[PDB]
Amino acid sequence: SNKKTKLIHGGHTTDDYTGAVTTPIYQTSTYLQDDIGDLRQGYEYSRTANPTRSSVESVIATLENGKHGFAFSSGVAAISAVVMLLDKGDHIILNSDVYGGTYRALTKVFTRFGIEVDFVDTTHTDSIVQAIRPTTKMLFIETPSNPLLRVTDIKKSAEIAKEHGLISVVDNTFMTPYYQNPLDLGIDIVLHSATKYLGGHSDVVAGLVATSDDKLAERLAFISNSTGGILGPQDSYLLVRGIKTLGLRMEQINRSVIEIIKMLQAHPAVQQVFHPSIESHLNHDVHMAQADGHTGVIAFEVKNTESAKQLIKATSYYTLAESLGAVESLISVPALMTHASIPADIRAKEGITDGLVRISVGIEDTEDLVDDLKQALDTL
């Protein structure tokens, strides 16, 4: 019914056989057949299907109001499976600032296979309409994006994609199914790095894909069985487990995000703050129209590299590590950690200043996180 209930009771996450209230971990590769071709419960080889992976697929299908779910060994494995729906000569439109691993896969792997790619600022959807070529097959958007949290209108992207015969894809990692459901907005395929909020405990690398489209689902299933980037049963189980607390975690994170943003906007050592909840943020109205909460990723500007490093060292509760969506609050400097390969002046032009800090808000106490960052900002 309501979301926190659906998180607990949605999907199949009990054992029909023994009644176990948690999904059994089928650490197995093959299955007995009573007669050639007669499978007791549909299973014959774990690559093709595994009952624990099936459980987590069922969960992500349910939570995104889709019909079919797919678990891959990582977010980029999910993304590659989706891109492999295309053929050489086909063309993809993506938002200009996609995740660096997505960019790296597309421009360094799939263009070698004849996939054509254009990166486009989708904060104006007419920019998509201009980018459409006769060969364009796919529209792939993240919203909001990293690390500047640019918002793209999901419903209009869906309409554009429908009118031009495009497979529409949304990378919904930053919002999770708890706050944003692209399938409800006409999108064909939604995916996630479950490594982030869904697993939620920094202990699983996984990707999840959902669709309501039977034919796209058949093609994704064939790709996943042929290229084999499948999530194992232990990790599927840990995903199912971590998703149970997703609503509580996201809501704690959102409370903290509101307070932290008030603090950041007030503080003199902080310049621009990037987050879709700020009403002056580009496409704020759009985000509130397609989502009923916020991501825990915030970026803000301190003065320079040394200010940023001092910030990191002076916090007690912000941890320096890769990834986002942990229980811990994480802190990073994109210009040094994710965009250090881009030349400095291009970084500056794009907004990736040396003092740009990205925090991923965790589930620590709101007051502690506000106070800790402030006292660290006070030391500049």
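Note that residue numbering begins at 1 and tracks the sequence as displayed. Only the largest set of C-alpha atoms that superpose within 1.5 Å between the two forms is called the rigid core.
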| item | value |
| --- | --- |
| Stretch with greater C-alpha deviation in 4 other deposited structures of this protein, 314-322 versus 32-40 (rigid core superposition) | 32-40 |
| Outlying stretch relative to shown form, 91-99 versus 172-180 in 4 other deposited structures of this protein, C-alpha RMS (core) | 91-99 |
| Residue stretch of maximal mean CA temperature factor, 298-306 vs 165-173 | 298-306 |
| Mean C-alpha temperature factor, higher of 234-242 and 281-289 | 281-289 |
| Residue with highest C-alpha B-factor in the PDB entry, from 202, 272, 74, 254 | 272 |
| Candidate set 348, 327, 61, 324 [ranked by C-alpha B-factor, highest] | 348 |
| Chain thirds of CA B-factor: placement of residue 130 | middle |
| Residue 229 by Cα B-factor - lowest, middle or highest third of the modelled chain | lowest |
| Residue 31 - Cα temperature factor, lowest/middle/highest third of chain | middle |
| Modelled-residue ranking by C-alpha temperature factor, third containing residue 248 | lowest |
| Chain thirds of CA B-factor: placement of residue 369 | middle |
